[PDB]
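Chain letters run A, B, ... following the sequence lines, proteins first and then strands; every chain starts at 1. Side chains are part of it too, since the values below use all heavy atoms of this structure and drop only hydrogens, waters and symmetry mates.
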Amino acid sequence: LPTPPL
Amino acid sequence: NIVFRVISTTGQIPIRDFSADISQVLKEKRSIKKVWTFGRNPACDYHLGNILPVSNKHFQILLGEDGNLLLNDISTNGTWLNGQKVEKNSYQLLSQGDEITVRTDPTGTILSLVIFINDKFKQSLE
């Protein structure tokens, strides 16, 4: 369930 | 017997001790004797919490043949060791009292863990 960047 | 211990500076995540059977460690053929993972996914050995910019599997700590610990960043947003961002997919040596830090907000708040390495385990070459 993916991961948001900077 | 305990290999190392992980303490939160903010203190949101109580102390966690990480141990290993010395029999089963010597029986292991590989140079990497044991692996602990740290991440958002509670399947990990240490749950960093359901903080979205923390990767599900964010970093690992590896027990070497020598009895020393290594830090493997495997994260989207990076991992800091004593305030310097480590190179992703590298293997950095953990010294006593080192501070592992990850980002939680875009605002630049942080989660911060400190490694306390049990010397009695290392010396325990029985």
For the backbone of [Y] and the side chain of [X], can you confirm whether one donor and one acceptor N or O come within less than 3.5 Å of each other?
X	Y	value
B:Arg16	B:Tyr46	no
B:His58	B:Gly78	yes
B:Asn118	B:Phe4	no
B:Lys34	B:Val25	no
B:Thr109	B:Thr104	no
B:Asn1	B:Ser19	no

(message) Testing B:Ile74, B:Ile100, B:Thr101, B:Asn72 one by one against B:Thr79 for a side chain to side chain contact (heavy atoms under 4.5 Å, CB included), which residue passes?
(response) B:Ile100
(message) Taking side chain to side chain contact (heavy atoms under 4.5 Å, CB included) as the criterion, tell me which of B:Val54, B:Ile51, B:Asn77 meets it with B:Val102.
(response) B:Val54
(request) Start with the C-alpha distance between B:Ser8 and B:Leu111, add both sets of side-chain angles, then the distance that settles side-chain contact (heavy atoms from CB on, under 4.5 Å), and finish with yes or no. (result) CA-CA 8 Å; B:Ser8 186; B:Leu111 175 44; 4.2 Å; yes
May I ask you to test the [X]-[Y] pair for a side-chain heavy-atom distance under 4.5 Å?
X	Y	result
B:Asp45	B:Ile61	no
B:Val35	B:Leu63	no
B:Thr76	B:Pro53	no
B:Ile115	B:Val6	yes
B:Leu94	B:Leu81	yes
B:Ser124	B:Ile22	yes

Joint hydrophobic cluster, [X] plus [Y], side-chain heavy atoms closer than 4.5 Å:
X	Y	result
B:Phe59	B:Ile13	yes
B:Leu26	B:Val3	yes
B:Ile117	B:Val114	no
B:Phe38	B:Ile7	no

(message) Within the supplied structure, the quantity of interest is the number of heavy atoms (other residues, nucleotides, ligands) at a distance under 6.0 Å from B:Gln24 CD; does it exceed 12?
(response) no
(message) Looking at B:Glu87, I'd like to know if its CD atom is crowded, meaning that more than 12 non-hydrogen atoms belonging to other residues, nucleotides or ligands lie closer than 6.0 Å.
(response) no
(request) Write down the atom of B:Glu28, the atom of B:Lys33, and the distance for their closest heavy-atom approach. (result) O-NZ, 3.0 Å
(request) Please report the closest heavy-atom contact between B:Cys44 and B:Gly39, naming both atoms and the distance. (result) SG-N, 3.4 Å
(message) Quick one, B:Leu71 with B:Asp98, criterion side-chain contact (heavy atoms from CB on, under 4.5 Å). Give me CA distance, side-chain angles, the key distance, then yes/no.
(response) CA-CA 11 Å; B:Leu71 167 68; B:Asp98 278 3; over 6 Å; no
To the closest 0.5 Å, what do you measure between [atom1] ([X]) and [atom2] ([Y])?
X	Y	atom1	atom2	value
B:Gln96	B:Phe116	CD	CZ	5.5 Å
B:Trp80	B:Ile110	CH2	CD1	10.0 Å
B:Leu113	B:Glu99	CG	CD	8.5 Å
A:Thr3	B:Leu52	OG1	CG	7.5 Å
B:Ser55	B:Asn41	OG	CG	11.5 Å
B:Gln60	B:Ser75	CD	OG	11.0 Å

(message) Between B:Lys88 and B:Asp73, does any NZ, NE, NH1 or NH2 come within less than 4.0 Å of an OD or OE carboxylate oxygen?
(response) no
(message) Apply side-chain contact (heavy atoms from CB on, under 4.5 Å) to residues B:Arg40 and B:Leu48 and explain how you reach the verdict.
(response) CA-CA 5 Å; B:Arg40 166 159 51 85; B:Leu48 297 177; 6.0 Å; no
(message) Go through it in stages, so that I can follow the logic: the residues are B:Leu93 and B:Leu70, the test is side-chain contact (heavy atoms from CB on, under 4.5 Å), and I'd like the CA-CA distance, side-chain angles, deciding distance and then a yes or no.
(response) CA-CA 5 Å; B:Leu93 194 79; B:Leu70 295 163; 4.2 Å; yes
